[PDB]
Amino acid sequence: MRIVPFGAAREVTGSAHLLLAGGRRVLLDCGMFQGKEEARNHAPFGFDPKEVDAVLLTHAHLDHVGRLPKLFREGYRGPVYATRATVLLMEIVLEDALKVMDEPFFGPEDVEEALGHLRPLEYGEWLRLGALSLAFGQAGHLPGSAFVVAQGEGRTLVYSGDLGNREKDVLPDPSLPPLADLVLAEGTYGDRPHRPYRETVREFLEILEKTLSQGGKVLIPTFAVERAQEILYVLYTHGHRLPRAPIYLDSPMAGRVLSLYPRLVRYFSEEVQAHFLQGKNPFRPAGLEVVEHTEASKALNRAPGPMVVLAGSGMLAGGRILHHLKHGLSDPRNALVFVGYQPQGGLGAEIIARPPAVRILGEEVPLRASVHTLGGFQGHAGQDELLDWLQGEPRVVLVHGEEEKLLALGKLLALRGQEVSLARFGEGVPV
């Protein structure tokens, strides 16, 4: 039994791992590369998409399912297993990536074909391929997110997929992995533990009351798949003490994803499921409004506060958010609230460096609005959480993370008596 890293090696995008065991070929995730690696979605997989017997998807994020339609474009016709939640989100994620893509490396025919082979596989349901047994464990990272347990040939392998930040309230805690002979694990934040959740929420509420009370705007860059709805959830459960103000989810996609949540009630934490039981959707704070088109979106720029605005892209690469930033950053009464990791050298970091001005949409804009970074809303397990999850596991191969971050984590694993390496592209490892 061998596992061959075919992406996310010494990097964060491109998650795709081929499992060779029991005389079968099972692909674990099939994400696209993103950002600077984006061009590599055009390059070949490094394996034959026709010899694959079946593929398992840990979750709907584009960096785990984005190359799936390419797998089908190039021949594959096997089954694609994923939890109902991932299956349903996957549709919104792929359609969108298609419509919003410069150099598309697949077409509508491939998305359709790909979605056509999705088969529901919930947690604790065993899959049988040859003499190989595979099951999903709770990863608590996205509704329907899971880690993979592959047992066969007398051995056990565990692919973590992306592990969640167990401190937040929306998703159920990540389950412990079973004792395994080999663990393929992410290490996005292998270099440090994250800021505590409760304290980030309090701080968040402090920021809201202050700027909303003075008639200012609270601008929030958010990814549309799950971070946006988590913010609305915090806004919903604390709406009793926040000043009245319209909440604009200025993101069609975030909207489509949100409309889907009521159907995924069983995929949330007990806290969230208990709210739905009371008969009320905890992801729709009072005053919520999903903005569908550009005209109303831009009208928000010249309208006065108080208001809360959630918009993408989550890392200021593009999206309506730039238009809000452009027109709101120069007003001292407004506040910018980052609820996620800002890439090095990006407009995010540049703003945090707090210069006298910033360049947004071909224009220099005075930066007077207050700026706040709430690291606590982070969606991946931090270093300390990675350690606990990995406790007692004999061997560990690291993927999904920048080199230095995988190393810092590697160090601690090593000093703990655990054997570890940094998965290399194309180089398989013995389970």
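Residue indices: 1-based, along the sequence shown.
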**OP:** Going by the average Cα B-factor in the PDB entry, point out whether 331-339 or 138-146 comes out higher.
**Re:** 331-339
Subject >> Mean C-alpha B-factor comparison - 179-187 and 99-107, higher one >> reply: 99-107
Original post:
Highest CA temperature factor in the entry: which of 202, 256, 194, 227?
Top reply: 194
Original post:
What's the residue among 235, 353, 296, 272 with the greatest CA temperature factor in the PDB record?
Top reply: 353
Subject >> residue 408 - which third its CA temperature factor falls in, relative to the rest of the chain >> reply: lowest
Original post:
Going by what the PDB entry lists, where does residue 116 fall on CA B-factor within its chain: lowest, middle or highest third?
Top reply: highest
Subject >> residue 45 CA temperature factor, ranked by third within the chain >> reply: highest
Original post:
Based on the entry's values, in what third of the chain does the Cα temperature factor of residue 81 lie: lowest, middle or highest?
Top reply: middle
Original post:
With respect to C-alpha B-factor, does residue 74 fall in the lowest, middle or highest third of the chain as deposited?
Top reply: highest
